[PDB]
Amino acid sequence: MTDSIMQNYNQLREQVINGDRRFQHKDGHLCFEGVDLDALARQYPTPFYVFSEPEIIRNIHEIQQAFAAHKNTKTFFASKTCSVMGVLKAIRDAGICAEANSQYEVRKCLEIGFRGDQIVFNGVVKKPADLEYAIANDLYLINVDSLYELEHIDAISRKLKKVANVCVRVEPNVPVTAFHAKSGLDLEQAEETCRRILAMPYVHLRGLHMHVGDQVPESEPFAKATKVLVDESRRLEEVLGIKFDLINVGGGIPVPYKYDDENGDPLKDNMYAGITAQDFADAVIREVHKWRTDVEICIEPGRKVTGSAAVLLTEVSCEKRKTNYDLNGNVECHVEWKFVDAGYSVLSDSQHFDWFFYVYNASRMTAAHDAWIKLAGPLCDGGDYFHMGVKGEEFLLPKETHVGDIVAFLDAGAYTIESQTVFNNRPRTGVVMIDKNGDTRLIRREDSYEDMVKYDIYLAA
């Protein structure tokens, strides 16, 4: 039944407002950490993202508590996930470290107050200028992704007379890695690469690195890949006569985007989280401890830190009914279109990666969501509507939904800011933060008109 789908969705809605650590209701409205989101969306122009420092902290706690059995664990937030400076500041103040994915990511992490010894710099294209900047800033780790890059690390560390601290990335063939994995070295190359680093005067080998993937719905991939890295670490300690400082096992802890696990198969629909942080930690720690209990384990969670910790707020800005008629002029069906002021230039993964986010009427959060609608964005593009619905391409909202109501997309905190575009010269969005005291502030402005053209060089008028 669609009645059953509708019943289930309204049970989920009730659980948001009565059963979720993040949310409440007041005045008929969805609240996030006590902040009425209808009211918030009248103080700031839509569309915008609102982050929760309290929920970031809760997510970091899940991660760190998961690793309680291994004291020497170091946690580096994968800042490609979200690098708005106030988001990075909340993460730094919560007591963890940072992983960076470009020269400018390294620089902004340093600027917001991560120390060099709290930063890992990873990449497949680390040009001489990138490596010089990283080495000059005494980073905790720079990964070694290829033999070509390693030659630049040797030459530049020598030039600067500064030790480059490295981890060698090895991507295991776990049953095709050569064809589908661009990153890292082959297992077969690890020994000679490590031997060569040991002989370099200004490069310090700290350990091996891997990263399995993103939104991983099973523990086995982590266990099998970690075992490969652990076995090679153990073997190289013996062969080379060294003791590694660490092992870096990467990220990939999933986040629930659908919550009714009893109705989902995570291996078929990875919007269902197939595993928890505790499952990830159990797999990793168990494998590492077969080698050493004292070695440092570095992890690089991205999505899990911020994914659940933001909402996208977008105003219903237009509506229409489209009707299909048969050849005799009789109605075949009606479609109720609701247009919000955010499209895929604002929420890119909803279009490009078939990503599901819960959608509710934040202005009518206590009302039955009892009408099937299609949800469109504002871009001049027939494809700019939200295809990942509750049932096919259809969403559920109260039949009473009105232009002016605020729609919320939940779990909108990972990979949603830097992926925005200025397609159609709609601006990239502002971003608001709810701090630990429940107070709000703007942490990113909406792009202005000046910002659309300030990059261009042209004869003025």
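Sequential numbering from 1, following the sequence displayed. Under this definition, the rigid core comprises the largest set of C-alpha atoms superposing within 1.5 Å between the forms.
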query	finding
Stretch with greater C-alpha deviation in 4 other deposited structures of this protein, 321 to 329 versus 305 to 313 (rigid core superposition)	321 to 329
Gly113 coordinate gap across at least a third of other entries	no
Other entries omitting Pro175, at least a third	yes
Chain break class at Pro175/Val176 - deposited residues not modelled	4 to 9
Residue stretch of maximal mean CA temperature factor, 277 to 285 vs 247 to 255	277 to 285
362 to 370 versus 78 to 86 - which carries the larger mean C-alpha B factor in the record	362 to 370
Out of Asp214, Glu300, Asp231, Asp186, residue topping the C-alpha B-factor column of the entry	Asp231
Peak C-alpha temperature factor (PDB record), options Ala100, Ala376, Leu150, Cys333	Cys333
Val203, C-alpha B-factor rank within chain (lowest, middle or highest third)	middle
Chain-wide C-alpha B factor ranking for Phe179, given as lowest, middle or highest third	highest
For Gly123, the third of its chain into which the C-alpha B factor falls	lowest
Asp447 CA temperature factor, ranked by third within the chain	lowest
Third of the chain's Cα B-factor distribution that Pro266 belongs to, per the entry	highest
